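Listing of start_21.txt, compact mmCIF, C-alpha atoms
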# COMPACT_ATOMS: atom_id res chain seq x y z
CA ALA A 201 19.53 -64.34 38.82
CA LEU A 202 16.49 -66.60 38.28
CA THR A 203 17.87 -70.08 38.73
CA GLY A 204 14.56 -71.94 38.73
CA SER A 205 11.11 -71.41 37.30
CA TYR A 206 8.20 -69.40 38.65
CA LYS A 207 5.26 -70.84 40.46
CA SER A 208 2.66 -68.54 38.96
CA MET A 209 -0.26 -68.74 36.58
CA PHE A 210 -2.61 -66.45 38.56
CA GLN A 211 -2.22 -63.07 40.19
CA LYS A 212 -3.77 -61.38 43.22
CA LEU A 213 -5.08 -57.92 42.56
CA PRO A 214 -4.29 -55.69 45.57
CA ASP A 215 -0.70 -56.89 45.64
CA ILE A 216 -0.29 -55.43 42.16
CA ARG A 217 -1.24 -52.07 43.66
CA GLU A 218 1.28 -52.92 46.35
CA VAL A 219 4.07 -53.39 43.81
CA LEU A 220 3.21 -50.33 41.78
CA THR A 221 3.28 -48.48 45.10
CA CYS A 222 6.59 -49.78 46.41
CA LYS A 223 8.12 -48.88 43.05
CA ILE A 224 6.75 -45.34 43.15
CA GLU A 225 7.74 -44.80 46.77
CA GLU A 226 11.30 -46.15 46.75
CA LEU A 227 12.11 -44.33 43.54
CA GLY A 228 10.68 -41.03 44.71
CA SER A 229 12.51 -41.22 48.02
CA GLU A 230 15.88 -42.03 46.49
CA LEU A 231 15.43 -39.13 44.10
CA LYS A 232 14.27 -36.61 46.70
CA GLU A 233 17.35 -37.45 48.76
CA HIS A 234 19.64 -36.05 46.10
CA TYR A 235 17.20 -33.38 45.03
CA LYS A 236 16.92 -31.47 48.35
CA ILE A 237 13.27 -30.50 48.13
CA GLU A 238 11.01 -30.26 51.13
CA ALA A 239 7.68 -32.02 50.67
CA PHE A 240 4.88 -32.74 48.22
CA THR A 241 1.15 -32.27 48.43
CA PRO A 242 -2.00 -34.34 48.93
CA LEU A 243 -3.20 -33.88 45.41
CA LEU A 244 -6.63 -32.32 46.10
CA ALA A 245 -6.00 -29.23 48.27
CA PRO A 246 -5.94 -26.50 45.62
CA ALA A 247 -3.70 -23.59 46.53
CA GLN A 248 -2.21 -20.97 44.18
CA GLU A 249 1.51 -21.17 44.96
CA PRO A 250 4.54 -23.10 43.72
CA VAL A 251 3.80 -26.72 44.58
CA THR A 252 5.85 -29.85 43.85
CA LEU A 253 4.10 -33.15 43.16
CA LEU A 254 5.09 -36.80 42.84
CA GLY A 255 3.31 -39.38 40.75
CA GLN A 256 3.23 -41.61 37.70
CA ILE A 257 1.81 -40.83 34.27
CA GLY A 258 -0.95 -42.73 32.53
CA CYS A 259 -3.58 -42.77 29.83
CA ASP A 260 -7.12 -41.70 30.52
CA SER A 261 -8.59 -43.65 27.61
CA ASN A 262 -8.30 -47.10 26.07
CA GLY A 263 -5.26 -46.81 23.84
CA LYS A 264 -2.62 -44.29 22.81
CA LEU A 265 -2.05 -40.70 23.93
CA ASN A 266 -1.83 -37.10 22.69
CA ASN A 267 -0.32 -33.97 24.18
CA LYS A 268 -3.63 -33.23 25.90
CA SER A 269 -4.71 -36.31 27.80
CA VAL A 270 -1.90 -37.18 30.20
CA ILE A 271 -3.30 -38.10 33.58
CA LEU A 272 -1.50 -38.47 36.88
CA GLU A 273 -1.86 -40.89 39.74
CA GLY A 274 -0.19 -40.81 43.13
CA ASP A 275 1.19 -43.31 45.59
CA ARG A 276 -0.72 -45.14 48.27
CA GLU A 277 0.50 -42.90 51.09
CA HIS A 278 1.99 -39.53 50.17
CA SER A 279 -1.24 -38.19 48.68
CA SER A 280 -3.97 -40.59 49.81
CA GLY A 281 -4.04 -42.33 46.45
CA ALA A 282 -6.22 -40.61 43.86
CA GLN A 283 -6.03 -39.23 40.33
CA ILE A 284 -6.06 -35.78 38.74
CA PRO A 285 -6.10 -34.68 35.09
CA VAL A 286 -3.22 -32.59 33.79
CA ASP A 287 -1.86 -30.65 30.89
CA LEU A 288 1.46 -29.10 29.94
CA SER A 289 0.65 -26.62 27.15
CA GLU A 290 2.24 -23.79 29.13
CA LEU A 291 5.33 -25.91 29.75
CA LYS A 292 8.19 -26.15 27.28
CA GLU A 293 9.98 -29.50 26.92
CA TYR A 294 9.08 -32.96 28.15
CA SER A 295 9.00 -36.65 27.32
CA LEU A 296 6.44 -38.96 28.87
CA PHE A 297 5.04 -42.43 28.49
CA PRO A 298 3.02 -44.78 30.70
CA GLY A 299 4.48 -46.57 33.69
CA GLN A 300 6.99 -43.76 34.08
CA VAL A 301 7.26 -42.27 37.60
CA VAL A 302 8.23 -38.62 37.86
CA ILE A 303 8.21 -35.44 39.89
CA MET A 304 6.44 -32.38 38.47
CA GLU A 305 5.59 -28.80 39.39
CA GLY A 306 2.48 -26.78 38.57
CA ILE A 307 -0.28 -24.55 39.97
CA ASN A 308 -3.45 -26.17 41.36
CA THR A 309 -6.33 -23.72 40.97
CA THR A 310 -9.55 -25.73 40.97
CA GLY A 311 -8.40 -28.89 42.72
CA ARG A 312 -9.68 -31.25 40.03
CA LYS A 313 -7.40 -29.62 37.45
CA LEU A 314 -3.87 -28.29 37.18
CA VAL A 315 -1.42 -26.83 34.69
CA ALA A 316 2.27 -27.63 34.62
CA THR A 317 5.17 -25.31 35.33
CA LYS A 318 8.28 -27.51 35.26
CA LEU A 319 9.55 -31.08 35.00
CA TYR A 320 12.73 -31.86 36.91
CA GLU A 321 15.08 -34.37 35.38
CA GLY A 322 15.61 -38.05 36.09
CA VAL A 323 18.88 -39.44 37.46
CA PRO A 324 21.06 -42.51 36.83
CA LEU A 325 22.73 -44.48 39.56
CA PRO A 326 26.52 -44.85 39.56
CA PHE A 327 27.60 -48.00 37.78
CA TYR A 328 29.64 -50.79 39.28
CA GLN A 329 32.96 -49.40 40.53
CA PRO A 330 34.93 -52.62 40.62
CA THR A 331 38.13 -53.72 42.27
CA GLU A 332 41.66 -52.94 41.11
CA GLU A 333 43.32 -56.36 41.41
CA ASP A 334 41.01 -58.56 39.34
CA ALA A 335 40.34 -56.72 36.06
CA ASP A 336 43.75 -55.90 34.61
CA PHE A 337 43.23 -57.88 31.45
CA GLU A 338 43.87 -57.79 27.70
CA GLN A 339 41.86 -57.33 24.51
CA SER A 340 38.78 -59.50 24.02
CA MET A 341 36.29 -60.36 21.26
CA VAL A 342 32.59 -61.09 21.74
CA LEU A 343 30.02 -61.62 18.99
CA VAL A 344 26.25 -61.74 19.41
CA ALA A 345 23.19 -62.08 17.21
CA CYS A 346 19.44 -62.23 17.81
CA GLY A 347 16.72 -64.25 16.10
CA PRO A 348 14.79 -65.46 14.12
CA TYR A 349 16.99 -67.90 12.20
CA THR A 350 15.68 -68.20 8.64
CA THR A 351 13.82 -66.46 5.92
CA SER A 352 10.25 -67.02 6.97
CA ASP A 353 9.42 -69.74 4.47
CA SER A 354 11.94 -72.57 5.02
CA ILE A 355 13.48 -74.67 7.76
CA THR A 356 17.20 -74.64 6.96
CA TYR A 357 19.06 -72.33 9.36
CA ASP A 358 21.35 -71.43 6.47
CA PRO A 359 22.14 -68.16 8.28
CA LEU A 360 23.04 -70.25 11.31
CA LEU A 361 25.48 -72.10 9.07
CA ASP A 362 27.05 -68.85 7.86
CA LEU A 363 27.27 -67.70 11.46
CA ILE A 364 28.94 -70.82 12.81
CA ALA A 365 31.28 -70.58 9.84
CA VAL A 366 32.35 -67.08 10.85
CA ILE A 367 32.62 -68.37 14.41
CA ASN A 368 34.98 -71.21 13.57
CA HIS A 369 36.86 -68.72 11.41
CA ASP A 370 37.62 -66.05 13.98
CA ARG A 371 38.00 -67.82 17.37
CA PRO A 372 36.08 -65.58 19.81
CA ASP A 373 36.22 -65.56 23.60
CA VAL A 374 32.49 -66.08 24.11
CA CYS A 375 29.47 -65.55 21.92
CA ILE A 376 25.84 -65.18 22.98
CA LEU A 377 22.87 -65.78 20.72
CA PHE A 378 19.45 -64.41 21.63
CA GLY A 379 16.43 -66.37 20.59
CA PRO A 380 13.85 -66.87 19.48
CA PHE A 381 15.05 -70.01 17.75
CA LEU A 382 11.56 -70.80 16.45
CA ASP A 383 9.05 -67.98 16.14
CA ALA A 384 5.34 -68.63 16.36
CA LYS A 385 4.35 -65.78 14.04
CA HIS A 386 6.71 -67.52 11.62
CA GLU A 387 4.22 -68.49 8.92
CA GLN A 388 5.75 -71.94 8.67
CA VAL A 389 4.32 -72.70 12.14
CA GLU A 390 0.94 -71.15 12.82
CA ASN A 391 -0.80 -73.15 10.13
CA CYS A 392 0.17 -76.20 12.20
CA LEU A 393 2.57 -77.51 9.60
CA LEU A 394 5.75 -79.06 10.95
CA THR A 395 5.70 -82.87 10.92
CA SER A 396 7.48 -83.13 14.25
CA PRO A 397 7.22 -82.27 17.91
CA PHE A 398 8.70 -78.90 18.95
CA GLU A 399 11.13 -79.53 21.81
CA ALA B 520 -3.28 -11.91 83.85
CA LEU B 521 -0.16 -12.71 85.85
CA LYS B 522 -0.53 -15.79 88.06
CA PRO B 523 -2.09 -18.92 86.53
CA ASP B 524 -4.43 -19.44 89.50
CA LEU B 525 -6.16 -16.06 89.46
CA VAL B 526 -8.58 -17.91 87.19
CA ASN B 527 -12.02 -17.55 88.78
CA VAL B 528 -14.46 -20.35 88.03
CA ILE B 529 -18.07 -19.17 88.34
CA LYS B 530 -21.31 -20.71 87.15
CA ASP B 531 -24.09 -18.12 87.09
CA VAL B 532 -25.37 -17.62 83.54
CA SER B 533 -24.79 -18.48 79.94
CA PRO B 534 -22.71 -15.89 78.09
CA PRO B 535 -24.88 -13.15 76.61
CA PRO B 536 -26.16 -13.10 73.03
CA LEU B 537 -23.17 -12.52 70.76
CA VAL B 538 -22.64 -10.90 67.37
CA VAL B 539 -22.64 -13.28 64.40
CA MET B 540 -21.96 -12.57 60.73
CA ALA B 541 -23.79 -13.94 57.67
CA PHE B 542 -20.79 -13.76 55.36
CA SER B 543 -20.64 -15.06 51.79
CA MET B 544 -19.03 -14.09 48.48
CA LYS B 545 -18.64 -14.94 44.80
CA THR B 546 -15.29 -15.19 43.02
CA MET B 547 -14.70 -15.33 39.28
CA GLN B 548 -11.94 -16.57 37.03
CA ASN B 549 -9.14 -14.77 35.20
CA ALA B 550 -7.61 -16.51 32.19
CA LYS B 551 -4.92 -13.81 32.14
CA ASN B 552 -2.67 -15.32 34.83
CA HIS B 553 -5.01 -18.25 35.54
CA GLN B 554 -6.52 -17.02 38.80
CA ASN B 555 -10.04 -16.79 40.21
CA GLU B 556 -10.42 -13.44 41.94
CA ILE B 557 -13.55 -11.66 43.17
CA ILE B 558 -15.24 -8.34 42.42
CA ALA B 559 -18.34 -8.56 44.62
CA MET B 560 -19.16 -9.78 48.12
CA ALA B 561 -21.40 -8.96 51.07
CA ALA B 562 -22.76 -10.23 54.38
CA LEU B 563 -25.77 -9.92 56.67
CA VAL B 564 -25.22 -8.92 60.29
CA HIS B 565 -26.95 -9.89 63.52
CA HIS B 566 -25.80 -7.93 66.54
CA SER B 567 -26.74 -10.04 69.57
CA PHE B 568 -27.59 -13.69 68.87
CA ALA B 569 -29.12 -15.59 71.77
CA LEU B 570 -27.11 -18.74 72.48
CA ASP B 571 -29.35 -20.50 75.03
CA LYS B 572 -32.73 -19.54 73.53
CA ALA B 573 -34.68 -19.75 70.27
CA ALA B 574 -33.78 -18.26 66.92
CA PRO B 575 -33.81 -14.47 66.40
CA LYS B 576 -36.10 -13.48 63.55
CA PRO B 577 -35.45 -11.39 61.41
CA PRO B 578 -32.41 -13.41 60.32
CA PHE B 579 -30.25 -10.31 60.79
CA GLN B 580 -30.07 -6.79 62.17
CA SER B 581 -28.09 -5.11 59.37
CA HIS B 582 -26.11 -5.91 56.23
CA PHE B 583 -24.03 -4.37 53.45
CA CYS B 584 -22.31 -5.21 50.18
CA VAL B 585 -19.40 -4.19 47.97
CA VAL B 586 -18.65 -4.61 44.28
CA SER B 587 -15.75 -3.90 41.89
CA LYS B 588 -15.29 -3.97 38.12
CA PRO B 589 -13.46 -6.59 36.02
CA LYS B 590 -11.02 -6.24 33.10
CA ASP B 591 -13.12 -8.09 30.49
CA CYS B 592 -16.50 -6.30 30.45
CA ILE B 593 -17.26 -3.28 32.58
CA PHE B 594 -20.45 -2.30 34.48
CA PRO B 595 -23.89 -1.77 32.95
CA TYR B 596 -25.26 1.73 33.23
CA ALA B 597 -26.45 3.37 36.47
CA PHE B 598 -26.12 0.50 38.93
CA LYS B 599 -26.61 2.62 42.06
CA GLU B 600 -29.52 4.35 40.34
CA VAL B 601 -31.16 1.07 39.34
CA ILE B 602 -30.69 -0.81 42.61
CA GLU B 603 -31.09 1.59 45.56
CA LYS B 604 -34.75 1.84 44.55
CA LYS B 605 -34.89 -1.94 45.12
CA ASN B 606 -32.17 -1.75 47.78
CA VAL B 607 -30.71 -5.16 48.67
CA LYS B 608 -28.19 -2.93 50.50
CA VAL B 609 -25.35 -2.91 47.97
CA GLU B 610 -22.65 -0.25 47.86
CA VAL B 611 -20.55 0.76 44.87
CA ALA B 612 -16.79 0.27 45.00
CA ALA B 613 -13.74 0.78 42.79
CA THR B 614 -10.86 -1.59 43.62
CA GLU B 615 -10.62 -5.03 45.16
CA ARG B 616 -8.06 -3.13 47.22
CA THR B 617 -10.89 -0.79 48.21
CA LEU B 618 -13.05 -3.89 48.60
CA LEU B 619 -10.89 -5.59 51.22
CA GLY B 620 -10.28 -2.15 52.74
CA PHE B 621 -13.90 -1.44 53.49
CA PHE B 622 -14.44 -5.13 54.28
CA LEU B 623 -12.03 -4.94 57.18
CA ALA B 624 -13.61 -1.55 57.81
CA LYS B 625 -16.96 -3.33 58.16
CA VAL B 626 -15.23 -5.60 60.66
CA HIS B 627 -13.93 -2.48 62.45
CA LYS B 628 -17.51 -1.17 62.39
CA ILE B 629 -19.00 -4.36 63.88
CA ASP B 630 -16.14 -6.71 64.82
CA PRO B 631 -18.04 -10.00 65.15
CA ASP B 632 -16.63 -13.15 66.73
CA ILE B 633 -18.15 -15.93 64.59
CA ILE B 634 -17.54 -16.07 60.83
CA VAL B 635 -20.21 -18.09 59.04
CA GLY B 636 -19.72 -19.42 55.53
CA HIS B 637 -19.33 -22.62 53.53
CA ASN B 638 -16.69 -23.87 51.09
CA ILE B 639 -14.23 -21.84 53.14
CA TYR B 640 -11.08 -23.91 53.58
CA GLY B 641 -11.14 -26.02 50.45
CA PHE B 642 -11.79 -23.03 48.27
CA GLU B 643 -11.89 -19.52 49.71
CA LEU B 644 -10.16 -18.47 52.95
CA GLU B 645 -6.69 -18.99 51.51
CA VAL B 646 -7.75 -16.76 48.63
CA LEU B 647 -8.59 -14.02 51.12
CA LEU B 648 -5.09 -14.40 52.54
CA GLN B 649 -3.69 -14.24 49.00
CA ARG B 650 -5.53 -11.01 48.28
CA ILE B 651 -4.56 -9.35 51.56
CA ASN B 652 -0.97 -10.27 50.72
CA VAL B 653 -1.37 -8.70 47.28
CA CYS B 654 -3.28 -5.47 47.94
CA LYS B 655 -1.41 -4.76 51.20
CA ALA B 656 -4.07 -2.71 52.96
CA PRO B 657 -2.97 -1.14 56.27
CA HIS B 658 -4.15 -2.80 59.48
CA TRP B 659 -4.08 -6.20 57.79
CA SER B 660 -4.29 -8.00 61.14
CA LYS B 661 -7.91 -6.95 61.78
CA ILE B 662 -8.97 -10.13 59.97
CA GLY B 663 -8.41 -11.91 63.26
CA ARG B 664 -8.89 -10.26 66.66
CA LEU B 665 -5.29 -9.19 67.16
CA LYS B 666 -2.32 -7.40 65.63
CA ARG B 667 0.74 -9.42 64.64
CA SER B 668 4.27 -8.67 63.48
CA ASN B 669 3.41 -10.09 60.04
CA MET B 670 1.04 -12.39 58.18
CA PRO B 671 2.33 -15.99 58.18
CA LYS B 672 2.67 -18.65 55.48
CA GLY B 680 -1.83 -26.47 57.26
CA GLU B 681 -1.95 -22.66 57.17
CA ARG B 682 -4.98 -22.20 59.44
CA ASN B 683 -3.16 -20.59 62.39
CA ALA B 684 -3.04 -17.27 60.51
CA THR B 685 -6.63 -16.65 61.56
CA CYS B 686 -6.87 -16.48 65.35
CA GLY B 687 -9.24 -15.17 68.00
CA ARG B 688 -12.19 -15.42 65.62
CA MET B 689 -14.47 -18.46 65.61
CA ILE B 690 -14.27 -19.85 62.08
CA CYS B 691 -17.74 -21.34 61.88
CA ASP B 692 -18.49 -24.07 59.37
CA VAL B 693 -21.44 -24.61 57.10
CA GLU B 694 -20.18 -27.57 55.07
CA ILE B 695 -18.35 -29.82 57.55
CA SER B 696 -20.59 -29.23 60.56
CA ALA B 697 -23.56 -29.90 58.31
CA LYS B 698 -22.50 -33.54 58.10
CA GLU B 699 -22.74 -33.91 61.88
CA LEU B 700 -26.38 -34.92 61.65
CA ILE B 701 -28.00 -35.88 58.35
CA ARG B 702 -26.90 -37.97 55.37
CA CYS B 703 -27.13 -37.21 51.65
CA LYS B 704 -25.17 -37.80 48.46
CA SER B 705 -23.78 -34.26 48.46
CA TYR B 706 -23.16 -32.27 51.58
CA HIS B 707 -22.09 -29.30 49.48
CA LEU B 708 -25.43 -27.68 50.46
Give the structure from this file in structure tokens form.
Amino acid sequence: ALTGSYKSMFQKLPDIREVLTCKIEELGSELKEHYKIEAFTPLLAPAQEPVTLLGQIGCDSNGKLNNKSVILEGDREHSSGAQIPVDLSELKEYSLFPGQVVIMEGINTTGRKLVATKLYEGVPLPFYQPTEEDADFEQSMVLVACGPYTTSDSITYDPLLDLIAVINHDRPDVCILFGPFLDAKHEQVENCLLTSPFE
Amino acid sequence: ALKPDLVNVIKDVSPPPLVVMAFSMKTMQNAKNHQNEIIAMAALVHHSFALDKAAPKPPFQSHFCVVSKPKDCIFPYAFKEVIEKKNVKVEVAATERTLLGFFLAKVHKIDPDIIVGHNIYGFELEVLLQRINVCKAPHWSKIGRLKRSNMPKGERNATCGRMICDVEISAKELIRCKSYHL
């Protein structure tokens, strides 16, 4: 649960690839277990049949997306690690965004192109199924509130006052208060104003 | 053969010159169901190629062709009339069914034992299996050198008893280039 601090200011490239990979692999495997499907395909052996693929979705270009520029990339192992363009026009209903790993099904005619046929659904894991001797408890109140903590021209924390007032009023079990207790994009700061340290 | 030691090693000659086929083809797309079928193919034929000697010129001893019509724009006028004067040895045909039919019939007529062609595995051979599954011509098994109970489904075992020569892969045995796609 992250007791201490990191030890990092610099990365190492190929281990990124490693972590991307491990993510893709473990997830795919745990899904395929439930999903009782046989095997996927090295992504560049075009063959006109039903064919199920595994990968993760990404942008081809600098910034945002469309419905006509999704691109796929595969793991390190299952399909030798390369990329193939895509499209889904023929398909019906989807929802995609970068980083997201998914299974798909289409028809690979040319090899360096494909067209979708179907998109099987993701799966949640079962939540914590706890004991039956510990948690047999009563009602309970928790309040919570995020930041920032002023109108972005003053330094008063008036809203913090109102909050702590409500707090002392209603006697809650535990409250938790997200930051950020001092924004940087808060205009009062980024002109280098405050006549004080920060800590 | 019955007993596995009736094998008779003997070391006289090289095997005699053997039939080889100069097979090639040209597919074309179909935006209808997003497929790339074919309506014309051919091959040149040499009938006894020396294995332990020099090259046989002419590059062949016979050939043939076959051609069907598409469903987007149909034939220009008098193709047999225009060509057979020039005669690159093309024959008219009607159906890709008929095409595969008289293709295997050309096998039947010659029955070579080395199939020469490039781009085969990555692009074509599987398409031939697709089309023989679709059209369902009798005596399907003649594509190899055997008859089987059925045509099977990493799917290379379907073809047997017929040397599947290479033109792409084997090319890279010797000389380097950027492309070895010929």
Would you kindly return, as number ranges by chain, each protein, DNA or RNA residue with an atom no farther than 12 Å from any atom of range 373-377 of chain A, considering all atoms listed in the file and excluding same-chain residues fewer than 4 positions away? A: 338-349, 360, 363-364, 366-368, 381
Within 12 Å of range 671-683 of chain B, counting only C-alpha atoms, which residues qualify if same-chain residues fewer than 5 places away don't, as an NGL selection string? (:A and (241-242 or 245 or 247 or 249)) or (:B and (639-641 or 644-646 or 648-649 or 651-652 or 659-660 or 663 or 688-690))
Quick one: residues within 12 Å of residue 666 in chain B, only C-alpha atoms, excluding same-chain residues fewer than 2 positions away - as a ChimeraX atom specification? /B:657-664,668-670,684-687
Contacts of residue 239 in chain A at 12 Å (only C-alpha atoms; same-chain gap of 2+ positions) as a ChimeraX atom specification: /A:228-229,232-233,235-237,241-242,250-254,278-279,303,305
Please list as a VMD selection string every residue within 7 Å of residue 581 in chain B, counting only C-alpha atoms and excluding residues in the same chain fewer than 4 positions away. chain B and resid 563 to 565
Restricting the calculation to only C-alpha atoms, which member of B:525, B:559, B:520, B:693 is positioned closest to residue 633 in chain B? B:693
From the set B:568, B:579, B:642, B:596, which residue has the shortest atom-to-atom contact distance to residue 309 in chain A, counting only C-alpha atoms? B:642
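Closest to chain A among B:555, B:549, B:638, B:617 is B:555, based on all atoms listed in the file.
Residues from chain A that have an atom within 12 Å of chain B, counting all atoms listed in the file, are residues 241, 242, 244, 245, 246, 247, 248, 249, 290, 306, 307, 308, 309, 310, 311, 312, 313, 314, 315 and 316 of chain A.
The space separating CA of residue 238 in chain A from CA of residue 223 in chain A comes to 20.5 Å.
The two atoms in question, CA of residue 230 in chain A and CA of residue 276 in chain A, are spaced 17.0 Å apart.
Here CA of residue 243 in chain A is placed at a distance of 7.5 Å from CA of residue 284 in chain A.
The smallest atom-to-atom distance between residue 561 in chain B and any of B:534, B:609, B:637, B:578, using all atoms listed in the file, is found for B:609.
In terms of minimum interatomic distance to residue 318 in chain A, A:288 ranks closest within A:222, A:288, A:216, A:231, counting only C-alpha atoms.
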Please write as a ChimeraX atom specification the list of polymer residues whose atoms come within 8 Å of (-0.9, -46.4, 31.1), counting all atoms listed in the file and keeping to the coordinates of the file. /A:257-260,297-299
Incomplete range 599-616 of chain B brought to N, CA and C atoms, written out as a PDB file, in the frame of the given file:
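This went into selection-v8.pdb:
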ATOM      1  N   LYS B 599     -26.058   2.012  40.852  1.00  0.00           N
ATOM      2  CA  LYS B 599     -26.610   2.620  42.060  1.00  0.00           C
ATOM      3  C   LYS B 599     -28.004   3.164  41.814  1.00  0.00           C
ATOM      4  N   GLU B 600     -28.210   3.804  40.662  1.00  0.00           N
ATOM      5  CA  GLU B 600     -29.520   4.350  40.340  1.00  0.00           C
ATOM      6  C   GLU B 600     -30.562   3.248  40.204  1.00  0.00           C
ATOM      7  N   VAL B 601     -30.193   2.134  39.572  1.00  0.00           N
ATOM      8  CA  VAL B 601     -31.160   1.070  39.340  1.00  0.00           C
ATOM      9  C   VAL B 601     -31.489   0.337  40.636  1.00  0.00           C
ATOM     10  N   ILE B 602     -30.493   0.106  41.488  1.00  0.00           N
ATOM     11  CA  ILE B 602     -30.690  -0.810  42.610  1.00  0.00           C
ATOM     12  C   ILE B 602     -31.291  -0.113  43.822  1.00  0.00           C
ATOM     13  N   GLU B 603     -30.697   0.998  44.281  1.00  0.00           N
ATOM     14  CA  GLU B 603     -31.090   1.590  45.560  1.00  0.00           C
ATOM     15  C   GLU B 603     -32.591   1.866  45.651  1.00  0.00           C
ATOM     16  N   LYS B 604     -33.293   1.905  44.517  1.00  0.00           N
ATOM     17  CA  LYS B 604     -34.750   1.840  44.550  1.00  0.00           C
ATOM     18  C   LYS B 604     -35.221   0.499  45.090  1.00  0.00           C
ATOM     19  N   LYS B 605     -34.575  -0.587  44.668  1.00  0.00           N
ATOM     20  CA  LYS B 605     -34.890  -1.940  45.120  1.00  0.00           C
ATOM     21  C   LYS B 605     -34.125  -2.287  46.398  1.00  0.00           C
ATOM     22  N   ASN B 606     -32.880  -1.815  46.512  1.00  0.00           N
ATOM     23  CA  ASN B 606     -32.170  -1.750  47.780  1.00  0.00           C
ATOM     24  C   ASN B 606     -31.977  -3.082  48.497  1.00  0.00           C
ATOM     25  N   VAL B 607     -31.115  -3.944  47.962  1.00  0.00           N
ATOM     26  CA  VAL B 607     -30.710  -5.160  48.670  1.00  0.00           C
ATOM     27  C   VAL B 607     -29.471  -4.791  49.481  1.00  0.00           C
ATOM     28  N   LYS B 608     -29.275  -3.488  49.688  1.00  0.00           N
ATOM     29  CA  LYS B 608     -28.190  -2.930  50.500  1.00  0.00           C
ATOM     30  C   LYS B 608     -26.823  -3.263  49.902  1.00  0.00           C
ATOM     31  N   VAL B 609     -26.621  -2.780  48.678  1.00  0.00           N
ATOM     32  CA  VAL B 609     -25.350  -2.910  47.970  1.00  0.00           C
ATOM     33  C   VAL B 609     -24.712  -1.531  47.880  1.00  0.00           C
ATOM     34  N   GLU B 610     -23.390  -1.488  48.001  1.00  0.00           N
ATOM     35  CA  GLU B 610     -22.650  -0.250  47.860  1.00  0.00           C
ATOM     36  C   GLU B 610     -21.671  -0.371  46.705  1.00  0.00           C
ATOM     37  N   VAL B 611     -21.507   0.725  45.968  1.00  0.00           N
ATOM     38  CA  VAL B 611     -20.550   0.760  44.870  1.00  0.00           C
ATOM     39  C   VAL B 611     -19.132   0.748  45.434  1.00  0.00           C
ATOM     40  N   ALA B 612     -18.196   0.223  44.646  1.00  0.00           N
ATOM     41  CA  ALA B 612     -16.790   0.270  45.000  1.00  0.00           C
ATOM     42  C   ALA B 612     -15.958   0.362  43.726  1.00  0.00           C
ATOM     43  N   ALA B 613     -14.656   0.578  43.903  1.00  0.00           N
ATOM     44  CA  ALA B 613     -13.740   0.780  42.790  1.00  0.00           C
ATOM     45  C   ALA B 613     -12.705  -0.334  42.651  1.00  0.00           C
ATOM     46  N   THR B 614     -11.945  -0.623  43.702  1.00  0.00           N
ATOM     47  CA  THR B 614     -10.860  -1.590  43.620  1.00  0.00           C
ATOM     48  C   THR B 614     -11.076  -2.715  44.625  1.00  0.00           C
ATOM     49  N   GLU B 615     -10.688  -3.927  44.219  1.00  0.00           N
ATOM     50  CA  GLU B 615     -10.620  -5.030  45.160  1.00  0.00           C
ATOM     51  C   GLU B 615      -9.747  -4.661  46.353  1.00  0.00           C
ATOM     52  N   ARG B 616      -8.737  -3.817  46.127  1.00  0.00           N
ATOM     53  CA  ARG B 616      -8.060  -3.130  47.220  1.00  0.00           C
ATOM     54  C   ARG B 616      -9.067  -2.392  48.092  1.00  0.00           C
TER      55      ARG B 616
END
